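> Got a structure for you, written out below as structure tokens; questions coming shortly.
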Amino acid sequence: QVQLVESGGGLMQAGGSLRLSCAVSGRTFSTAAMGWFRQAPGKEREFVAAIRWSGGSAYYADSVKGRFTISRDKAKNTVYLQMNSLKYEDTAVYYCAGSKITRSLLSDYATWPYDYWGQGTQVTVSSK
Amino acid sequence: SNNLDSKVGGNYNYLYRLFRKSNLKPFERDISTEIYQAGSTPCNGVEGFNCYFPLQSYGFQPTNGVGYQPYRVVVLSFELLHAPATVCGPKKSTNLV
């Protein structure tokens, strides 16, 4: 019923420019919020960026602040993550997600679970 | 309805429209989720400058002002149409003379 279709990313040099998409079909996230996660090998899935859909306020983790940017389109039903100023540590499998709960604090969306998950797309950052 | 519609931190589940192309007629209902083009460049479903989503979520907190706290409103519309009357009061009828 609800499908989150991801695209973009891949292998490139350090500091490269990417913009990951996650097409949303069959549902709107107006009152809830959408978020991004990445999962590196041997680690837990970690928060990156979550946004309120209706309001457009953004919330970022300290590992991505000033380097990653989240944006959304409501009619296209797509969320973006502008991936600028990459580092080596950013290599992971990136997961787009959307929540079913309207949390008063956009900060609660960094830990509260999301009931829709995407397929996952690899992003790899290379050397010289 | 502050007690029911207000939760710790505020409820945002209820939306209201901010922009529309024209004045609504009486008893006219629009529920489209189109991007509103407040400018000259057509949005074509693309948000940005002069392309906002027409709806805005309410902020309903228990500590909000009384004028900001949520209210439940019902509007009863009365009509005398081309038919026998159907909705009648609790009045007791009597025999005819």
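Starting from 1 in every chain, residues are counted up; chains themselves are A, B, ... following the order of the structure tokens, and ligands are numbered from 1 as listed.
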Using only C-alpha atoms, find the residues of chain A whose closest atom to chain B is at most 8 Å away, then write them as a PyMOL selection string.
chain A and resi 31+54-55+73-76+102+104-105
> Which neighbours of residue 125 in chain A fall inside 7 Å, counting only C-alpha atoms, when residues of the same chain fewer than 5 positions from it are skipped, and could you give them as a list in words?
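Listing them by chain and then by number gives residues 11, 12, 13, 14, 87, 88 and 91 of chain A.
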> Select, from A:110, A:24, A:70, A:61, the residue with the minimum atom-to-atom distance to residue 83 in chain A, counting only C-alpha atoms.
A:70
> Enumerate as a list in words all residues of range 42-92 of chain A assigned to strand (DSSP E or B) by DSSP on the backbone, naming them with the chain letters and numbers the document uses.
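Selection result, strand (DSSP E or B) within range 42-92 of chain A: residues 46, 47, 48, 49, 50, 51, 52, 58, 59, 60, 68, 69, 70, 71, 72, 73, 78, 79, 80, 81, 82, 83 and 92 of chain A.
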> With C-alpha atoms kept, could you save the residues just selected as a PDB file, in the first residue's frame?

```pdb
ATOM      1  CA  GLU A  46      22.108   5.380  12.752  1.00  0.00           C
ATOM      2  CA  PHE A  47      20.058   8.553  12.400  1.00  0.00           C
ATOM      3  CA  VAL A  48      21.007  11.110   9.736  1.00  0.00           C
ATOM      4  CA  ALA A  49      18.245  13.596   8.896  1.00  0.00           C
ATOM      5  CA  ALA A  50      14.520  13.889   9.591  1.00  0.00           C
ATOM      6  CA  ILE A  51      12.097  16.549   8.366  1.00  0.00           C
ATOM      7  CA  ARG A  52       8.535  17.566   9.144  1.00  0.00           C
ATOM      8  CA  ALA A  58      14.875  20.006   9.428  1.00  0.00           C
ATOM      9  CA  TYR A  59      16.731  18.039  12.109  1.00  0.00           C
ATOM     10  CA  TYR A  60      20.277  16.741  11.614  1.00  0.00           C
ATOM     11  CA  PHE A  68      24.036  16.776   4.542  1.00  0.00           C
ATOM     12  CA  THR A  69      20.784  18.556   3.677  1.00  0.00           C
ATOM     13  CA  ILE A  70      17.233  17.165   3.640  1.00  0.00           C
ATOM     14  CA  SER A  71      14.465  18.483   1.386  1.00  0.00           C
ATOM     15  CA  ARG A  72      11.067  17.281   0.206  1.00  0.00           C
ATOM     16  CA  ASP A  73       8.454  17.739  -2.523  1.00  0.00           C
ATOM     17  CA  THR A  78       9.495  12.580  -2.838  1.00  0.00           C
ATOM     18  CA  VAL A  79      12.088  13.419  -0.186  1.00  0.00           C
ATOM     19  CA  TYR A  80      15.677  14.358  -1.025  1.00  0.00           C
ATOM     20  CA  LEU A  81      18.969  14.334   0.869  1.00  0.00           C
ATOM     21  CA  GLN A  82      21.541  16.691  -0.670  1.00  0.00           C
ATOM     22  CA  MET A  83      24.816  14.867   0.003  1.00  0.00           C
ATOM     23  CA  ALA A  92      27.027   2.958   4.425  1.00  0.00           C
TER      24      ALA A  92
END
```
> Quick check, in Å to one decimal: how far apart do CA of residue 111 in chain A and CA of residue 6 in chain A lie?
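These two atoms are separated by 21.4 Å.
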> How far is it from CA of residue 124 in chain A to CA of residue 7 in chain A, in Å with one decimal?
14.1 Å
> List as a list in words the protein and nucleic acid residues near residue 121 in chain A, meaning an atom at most 12 Å away when only C-alpha atoms are counted, but skip any in the same chain fewer than 2 places from it.
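Residues meeting the cut-off are residues 4, 5, 6, 7, 8, 9, 10, 11, 20, 21, 22, 36, 37, 38, 39, 40, 91, 92, 93, 94, 95, 96, 117, 118, 119, 123 and 124 of chain A.
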> For N, CA and C atoms, I'd like the residues from the last selection saved as a short mmCIF file (atom, residue, chain, number, x, y, z; two decimals), in the first residue's frame.

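For reference, part02.cif as written:
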```
data_model
loop_
_atom_site.label_atom_id
_atom_site.label_comp_id
_atom_site.auth_asym_id
_atom_site.auth_seq_id
_atom_site.Cartn_x
_atom_site.Cartn_y
_atom_site.Cartn_z
N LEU A 4 8.22 3.08 -0.66
CA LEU A 4 9.25 4.10 -0.59
C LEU A 4 10.41 3.66 -1.48
N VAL A 5 10.48 4.23 -2.68
CA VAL A 5 11.38 3.77 -3.74
C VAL A 5 12.58 4.71 -3.79
N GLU A 6 13.76 4.18 -3.51
CA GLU A 6 14.96 5.01 -3.43
C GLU A 6 15.74 4.99 -4.74
N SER A 7 16.53 6.04 -4.95
CA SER A 7 17.35 6.17 -6.14
C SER A 7 18.53 7.09 -5.85
N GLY A 8 19.53 7.02 -6.72
CA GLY A 8 20.70 7.87 -6.60
C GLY A 8 21.82 7.23 -5.79
N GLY A 9 22.89 7.99 -5.64
CA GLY A 9 24.04 7.55 -4.87
C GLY A 9 24.95 6.62 -5.65
N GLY A 10 25.95 6.11 -4.95
CA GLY A 10 26.94 5.24 -5.56
C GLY A 10 28.37 5.57 -5.16
N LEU A 11 29.32 5.25 -6.03
CA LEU A 11 30.74 5.39 -5.74
C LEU A 11 31.32 6.61 -6.44
N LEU A 20 20.07 11.92 -2.81
CA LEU A 20 19.30 10.69 -2.76
C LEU A 20 17.81 11.00 -2.74
N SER A 21 17.04 10.21 -3.49
CA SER A 21 15.60 10.36 -3.55
C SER A 21 14.92 9.13 -2.98
N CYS A 22 13.68 9.31 -2.55
CA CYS A 22 12.86 8.23 -2.00
C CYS A 22 11.41 8.53 -2.35
N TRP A 36 15.80 10.01 7.39
CA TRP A 36 16.85 9.26 6.71
C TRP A 36 17.74 8.55 7.72
N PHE A 37 18.18 7.35 7.37
CA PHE A 37 19.12 6.58 8.17
C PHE A 37 20.18 5.96 7.26
N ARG A 38 21.33 5.65 7.85
CA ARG A 38 22.39 4.93 7.16
C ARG A 38 22.92 3.84 8.09
N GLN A 39 23.43 2.76 7.50
CA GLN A 39 23.86 1.60 8.27
C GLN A 39 25.20 1.10 7.72
N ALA A 40 26.28 1.38 8.45
CA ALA A 40 27.62 0.94 8.11
C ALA A 40 27.87 -0.48 8.59
N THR A 91 30.43 6.18 4.10
CA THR A 91 30.12 4.94 3.40
C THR A 91 29.21 4.07 4.26
N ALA A 92 28.02 3.77 3.73
CA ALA A 92 27.03 2.96 4.43
C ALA A 92 25.90 2.65 3.44
N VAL A 93 24.92 1.89 3.92
CA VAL A 93 23.69 1.65 3.18
C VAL A 93 22.63 2.59 3.73
N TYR A 94 22.09 3.44 2.87
CA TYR A 94 21.20 4.51 3.31
C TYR A 94 19.75 4.09 3.18
N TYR A 95 18.97 4.35 4.24
CA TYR A 95 17.59 3.92 4.32
C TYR A 95 16.67 5.12 4.45
N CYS A 96 15.76 5.27 3.50
CA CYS A 96 14.70 6.25 3.66
C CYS A 96 13.54 5.64 4.44
N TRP A 117 9.79 1.57 5.51
CA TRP A 117 11.21 1.56 5.19
C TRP A 117 11.41 1.29 3.71
N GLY A 118 12.46 1.87 3.14
CA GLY A 118 12.80 1.64 1.76
C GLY A 118 13.64 0.39 1.58
N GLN A 119 14.01 0.14 0.32
CA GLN A 119 14.80 -1.03 -0.03
C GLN A 119 16.27 -0.90 0.35
N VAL A 123 25.91 3.71 -0.79
CA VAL A 123 26.69 4.90 -1.11
C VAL A 123 28.11 4.66 -0.63
N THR A 124 29.07 4.80 -1.54
CA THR A 124 30.48 4.53 -1.24
C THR A 124 31.30 5.76 -1.61
#
```
> When you draw a straight line from CA of residue 74 in chain B to CA of residue 16 in chain B, how long is it in Å?
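It comes out at 16.1 Å.
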> Smallest atom-to-atom distance to residue 35 in chain A: which of A:127, A:98, A:107, A:122, using only C-alpha atoms?
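For residue 35 in chain A, the nearest of the given residues is A:98.
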> Write down as a PyMOL selection string the residues belonging to range 8-128 of chain A that are assigned helix (DSSP H, G or I) by DSSP computed on the backbone.
chain A and resi 88-90+106-110
> Name the residues in contact with residue 39 in chain B at a cut-off of 10 Å, using only C-alpha atoms, excluding same-chain residues fewer than 6 positions from it; report them as number ranges by chain.
B: 49-51
> Set the distance at 7 Å and use only C-alpha atoms: which residues neighbour residue 2 in chain B once local chain neighbours fewer than 6 positions away are removed? I'd like the list as a list in words.
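Final neighbour list, sorted by chain and number: residues 62, 69, 70 and 71 of chain B.
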